[PDB]
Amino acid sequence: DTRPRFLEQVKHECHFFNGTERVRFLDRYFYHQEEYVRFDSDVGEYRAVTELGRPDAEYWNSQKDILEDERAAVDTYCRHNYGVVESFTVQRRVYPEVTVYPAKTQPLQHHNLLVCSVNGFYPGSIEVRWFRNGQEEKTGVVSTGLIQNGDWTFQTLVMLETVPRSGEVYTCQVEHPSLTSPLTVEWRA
């Protein structure tokens, strides 16, 4: 199929700061990826983002009823919906399952990589650190980064490049809002 496509998008955004104490509503219209007109509650009228949106900004701004619907939205839409969903979204906490296991930089070698797998957590903000004999190791650390699973959980793998020696105790430490103290997992060669 080589027929040309044309796409319209709309994003009605509610931005929350300190719960519902400070709230900003941003109503956005797009042609393909180009935002062409928006209402920003900071402004209280529509503004054209590109020339394409000038006719809509000018007309919608002439319609007092449309403007007042837009102006109330921070309250009747944003603050309202925050109220409706906050208990299972804002307050959602899922603690991670932490596993540590050795790996190889090349399938033929011995083990020269330690993996700290952190799975299934929510929300996304997390701090994962490696320790060797109680001292934090900051060199040779690499990660997948934060990975969304698409099902309201995240995961991340944090690797330590090291050749383990007998006697050494490695510790992966995880800090996350679902945790009241750091979660630590030990691994020994």
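The numbering used is simple: start at 1 and walk along the sequence shown.
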Using the B-factors recorded in the PDB entry, average over the C-alpha atoms of 92-100 and of 70-78, then report which stretch comes out higher.
92-100
Using the B-factors recorded in the PDB entry, average over the C-alpha atoms of 159-167 and of 143-151, then report which stretch comes out higher.
159-167
Chain thirds of CA B-factor: placement of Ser41
lowest
Chain thirds of CA B-factor: placement of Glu21
highest
How does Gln33 rank on Cα B-factor within its chain, lowest, middle or highest third?
lowest
Using only modelled residues of the chain, where does the Cα B factor of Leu108 rank: lowest third, middle third or highest third?
highest
Going by what the PDB entry lists, where does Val85 fall on CA B-factor within its chain: lowest, middle or highest third?
highest
